[PDB]
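Participant: Here it is: the structure, laid out below.
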Amino acid sequence: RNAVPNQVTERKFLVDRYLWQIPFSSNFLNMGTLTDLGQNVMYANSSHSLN
Amino acid sequence: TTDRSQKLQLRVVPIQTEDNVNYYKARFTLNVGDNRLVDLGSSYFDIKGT
């Protein structure tokens with residue numbers, strides 16, 4: 001009954017034993033080990049810098 | 001998987017809302033263009049309130 005008003009909330013999360021991952025795929029899911037963007041982004045045997 | 005610029009997720013805001021003492025209406029407009037598919041198994045609501 002004597003709860004204070006103006007209570008601000010906050011959220012967080014914790015992941016342990018987990019590397020975040022970003023796959024190099026078209027629809028971001030595993031359709032194969034040799035992925036599908038590994039044959040047409042690298043296209044006509046070209047080179048691309050990255051940062 | 002195509003090359004064209006289309007969106008993986010989707011976010012649609014409601015066209016009409018309605019308030020009551022005891023309910024809340026939300027009416028949406030799900031536009032699926034030509035050469036698109038969507039399964040409604042991935043459909044859900046995103047409620048923000050207090």
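Going by the structure tokens order, chains are called A, B, ..., each with residues numbered from 1, while ligands are numbered from 1 in the order shown.
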Please provide the set of residues having any atom within 10 Å of segment 35-49 of chain B, restricted to only C-alpha atoms, with same-chain residues fewer than 5 positions apart removed, written as a ChimeraX atom specification.
Facilitator: /B:6,9-11,13
Participant: Residues of chain A near chain B: apply a cut-off of 9 Å, count only C-alpha atoms, and supply the list as an MDAnalysis selection string.
Facilitator: chainID A and resid 26:27 36
Participant: Report the distance between atom CA of residue 27 of chain B and atom CA of residue 50 of chain B in Å, rounded to one decimal place.
Facilitator: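 Atom CA of residue 27 of chain B sits 20.9 Å away from atom CA of residue 50 of chain B.
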